[PDB]
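The structure appears right after this line, and notes come after that.
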Amino acid sequence: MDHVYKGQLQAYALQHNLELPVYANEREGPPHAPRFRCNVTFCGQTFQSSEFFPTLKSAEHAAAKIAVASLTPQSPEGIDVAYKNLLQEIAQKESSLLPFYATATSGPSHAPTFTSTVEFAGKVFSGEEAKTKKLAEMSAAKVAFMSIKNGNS
């Protein structure tokens with residue numbers, strides 16, 4: 001909604017050690033026909049859409065959205081595959097140690113269930129229990145990651 005996009009791009013420049021990003025604001029158009037053309041200058045490149053936005057921030061958002069989407073190609077993965085990758089990202093960043101996925105099987109011979117646990121940073125979290133590994137792990141990485149955030153300090 002807000003310039004949240006600027007906070008993302010700016011973050012990349014910080015880690016990549018690149019000149020701070022610069023946006024261009026332009027407003028022109030009749031009262032009932034206002035147009036906000038905003039451009040984003042990055043690495044000597046100005047990205048812009050072919051359609052004008054009815055709102056200012058809408059332009060800045062879309063402008064950066066195009067830029068940040070251009071960097072993705074660098075190394076895409078999408079956490080929509082295996083949160084396992086995410087857990088590995090924090091491990092390297094936190095200089096900790098690759099998590100430890102432990103799957104234990106137990107329960108009645110008629111309705112057998114499984115339990116998955118992840119030990120990272122010396123802390124072991126317990127995911128939900130069910131007759132499925134996917135959900136088990138999902139609930140495990142979910143509770144673990146959420147715990148890491150510990151809300152907004």
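Residue numbering restarts at 1 in every chain; chains get A, B, ... in the order shown in the structure tokens, and ligands count up from 1 in that same order.
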
Output as JSON lines one row per residue of segment 50-115 of chain A within 8 Å of segment 128-150 of chain A: the closest atom pair and its distance in Å to one decimal place, counting only C-alpha atoms, sorted by chain and residue number ascending.
{"residue": "A:83", "atom": "CA", "partner": "A:141", "partner_atom": "CA", "distance": 6.8}
{"residue": "A:84", "atom": "CA", "partner": "A:141", "partner_atom": "CA", "distance": 7.8}
{"residue": "A:87", "atom": "CA", "partner": "A:141", "partner_atom": "CA", "distance": 7.6}
{"residue": "A:111", "atom": "CA", "partner": "A:131", "partner_atom": "CA", "distance": 7.6}
{"residue": "A:112", "atom": "CA", "partner": "A:131", "partner_atom": "CA", "distance": 6.4}
{"residue": "A:113", "atom": "CA", "partner": "A:131", "partner_atom": "CA", "distance": 4.3}
{"residue": "A:114", "atom": "CA", "partner": "A:131", "partner_atom": "CA", "distance": 6.1}
{"residue": "A:115", "atom": "CA", "partner": "A:129", "partner_atom": "CA", "distance": 5.5}

Give me, as a tab-separated table (two decimals) with C-alpha atoms, in the first residue's frame, all polymer residues having an atom no more than 6 Å from segment 53-66 of chain A, counting only C-alpha atoms and skipping those fewer than 4 positions away in the same chain.
chain	number	residue	atom	x	y	z
A	3	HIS	CA	6.16	3.02	-0.17
A	5	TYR	CA	8.51	-1.15	-1.77
A	35	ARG	CA	-2.49	11.24	-13.56
A	36	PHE	CA	0.51	10.39	-11.38
A	38	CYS	CA	6.33	8.26	-10.99
A	39	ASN	CA	9.64	6.77	-12.13
A	40	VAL	CA	12.33	4.91	-10.18
A	48	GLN	CA	8.18	2.78	-15.42

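Atom CA of residue 50 of chain A sits 27.9 Å away from atom CA of residue 77 of chain A.
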
Next on the checklist: Residues within 7 Å of segment 92-105 of chain A, please, as a PyMOL selection string. Count only C-alpha atoms; anything in the same chain fewer than 4 positions from it doesn't count.
Outcome noted: chain A and resi 88+113-121

Could those residues be written to a file, using C-alpha atoms, as a short mmCIF file (atom, residue, chain, number, x, y, z; two decimals), in the first residue's frame?
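Done, and the output landed in again-v3.cif:
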data_model
loop_
_atom_site.label_atom_id
_atom_site.label_comp_id
_atom_site.auth_asym_id
_atom_site.auth_seq_id
_atom_site.Cartn_x
_atom_site.Cartn_y
_atom_site.Cartn_z
CA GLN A 88 18.66 -22.91 5.71
CA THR A 113 0.70 -40.64 12.82
CA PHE A 114 4.07 -38.91 12.63
CA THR A 115 5.82 -36.03 14.40
CA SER A 116 8.47 -33.72 12.94
CA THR A 117 10.92 -31.60 14.94
CA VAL A 118 13.42 -28.94 13.88
CA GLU A 119 16.50 -28.13 15.95
CA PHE A 120 18.15 -24.87 14.91
CA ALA A 121 20.19 -22.48 17.04
#
